[PDB]
């Protein structure tokens, strides 16, 4: 037998960094959870018990802290590219570094209508992520995403005209609840190295904001024919506004809210146009995925 693939590192490394403006007294915090997996000429640590080729995962943890100390941690696309580049430049036998970053939300509090200088609030479990693959000789591939963005619209969603056969019981509808937890990923054009990543730094935060705004506005305003149709419109817009993006992938749960027939109780009307009370369903759930690129 042979080692066909191998990667190892440190997962779930929690990092907090604070910036302090000496002038204004205004402090800004950043919190993230970092994973780094390395590949390279490390097969003999598996086959021969040869640990000389292993950069200990504890050392990898240390390197994450040190790197955060000496460099900006925002935007995460940049920090990840610095962190990954470090490993392939520092260690001659390590030819790829895979860096995953989950950014947690610490939003500045408004107290008495005024932004507070050093107090924050986790105003949502929504994340902002990046996956950075730094491969020696092949540049830097970056996938940005937002996840855990949970929304619901109480009307202006439809689902009719679908295939009906002997396995079908679902009734067509022209008015239903649509709720989902949005997972959106935009993959960037391959970058040649750190210098090129640095040259596009302003585009990362701007593109994250545009992806979020487009997702929210399109969800809210589209008279949805289906989750499929709605998510395609989102992806189409994001591509049109950032040429450095090659693809956009959406993954959307369809979190069902069932009508409750209460007519058995005193002829109470609670279906169709009379539907007020619904039963949210934990499971099962639809799962719709699409990857959209350029023609």
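Numbering follows the first chain given and starts at 1.
* With respect to the recorded C-alpha B factors, which stretch has the higher mean value, 69-77 or 148-156? -> Looking at the recorded C-alpha B-factors, 69-77 comes out higher on average.
* **Segment of higher mean CA temperature factor, 208-216 or 127-135** => The recorded data point to 208-216.
* To do: Choose from 29, 34, 37, 268 the residue with the greatest Cα B-factor as stated in the PDB record.
  => Going by the entry's C-alpha B-factors, 268 comes out highest.
* Asked: Which one of 143, 104, 86, 171 shows the top CA temperature factor in the record?
  -> Of 143, 104, 86, 171, 171 has the highest C-alpha B-factor.
* To do: Comparing against every modelled residue in the chain, figure out the third that the C-alpha B-factor of residue 181 lands in (lowest, middle or highest).
  => Its C-alpha B-factor, which the entry lists for residue 181, ranks in the lowest third among residues of this chain.
* **For residue 239, the third of its chain into which the C-alpha B factor falls** => Its C-alpha B-factor belongs to the highest third of this chain's values.
* Considering only modelled residues of the same chain, in which third does the CA B-factor of residue 195 rank: lowest, middle or highest? -> For residue 195, the deposited C-alpha B-factor lands in the middle third.
* **Third of the chain, ranked by Cα B-factor, where residue 246 sits** => According to the entry, residue 246 has a C-alpha B-factor in the chain's middle third.
* Taking the C-alpha B-factors as the PDB entry records them, is residue 287 in the lowest, middle or highest third of its chain? -> Lowest third - that is where residue 287 ends up once the chain's C-alpha B-factors are sorted.
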